[PDB]
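The structure under discussion appears below in the form of structure tokens.
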Amino acid sequence: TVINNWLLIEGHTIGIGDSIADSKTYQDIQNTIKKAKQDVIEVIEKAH
Amino acid sequence: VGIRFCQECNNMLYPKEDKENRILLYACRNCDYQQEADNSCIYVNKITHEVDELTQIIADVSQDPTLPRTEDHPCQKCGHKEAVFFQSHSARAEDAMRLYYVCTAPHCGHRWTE
Ligand SMILES: [Zn+2]
Ligand SMILES: [Zn+2]
């Protein structure tokens, strides 16, 4: 009871802004994915 | 290693032993036919079966639009730039991810593995 009635004051939510990171983080994630793709391509070629 | 057929009833020749001369004979049991066995070997068993796939690879595979092709590795015979490559494509091939290239361009049909 007391915690719900305090959240009546503070409030809680979820939104689009909660599901997006900074542009630097997006660039880092893209760089990591590109590096992973390059490494797996190199592994495929080495196995070939 | 192979199978030889009779010429009278066209049945299968089984190996027989010529007791009097001590030579391998192929004698059909459907009739009385007996023939001299040239190879002197009957059965060969490659249980590890180090078989070459390019002998089982047909040239028209190069006509497949669903197969990848690179200009990196040229043909040995005709030196054509573009060649289609694919894996073993065969079961019980042990553990093999090696590449079997087939040269494109008509009437070439050359194949090679690297
Ligand atoms: Zn016969
Ligand atoms: Zn060629």
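So the protein lines, in turn, are chains A and B. Counting in full-length UniProt numbering, the first sequence runs without a single skipped number right up to 721 at its last residue. Counting in full-length UniProt numbering, the second sequence runs without a single skipped number right up to 125 at its last residue. Note that beta-carbon positions come from the ideal geometry of N, C-alpha and C, so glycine has one too.
Residues of the same chain with a CB within less than 7 Å of the CB of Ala107(B), apart from the 5 flanking positions on each side, are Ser99 in chain order. Against chain A, the CB of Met108(B) has a partner CB under 8 Å away; the residue lies at that interface. Those residues that bring their Cβ nearer than 7 Å to a heavy atom of ligand 2 are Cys86(B), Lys88(B), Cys89(B), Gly90(B), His91(B), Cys114(B), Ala116(B), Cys119(B), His121(B).
For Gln700(A), the uninterrupted alpha helix (DSSP H) segment begins and ends at 696–720. The C-alpha of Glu125(B) is placed about 12 Å away from the C-alpha of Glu64(B). Taking 8 Å as the cut-off, the Cβ atoms of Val95(B) and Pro79(B) count as close. At the C-beta level, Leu24(B) and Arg33(B) stay beyond 8 Å of one another. Secondary structure at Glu125(B): coil, using DSSP grouped into helix, strand and coil.
Annotation for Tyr44(B) indicates a beta carbon within 7 Å of some heavy atom of ligand 1. Going by beta carbons, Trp123(B) and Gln87(B) fall inside the 8 Å limit. Among the residues facing chain B, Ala720(A) is included, as its CB has a counterpart in that chain under 8 Å away. Residue environment analysis places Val113(B) among the buried positions, since at least 16 neighbouring C-beta atoms fall within 10 angstroms of its C-beta.
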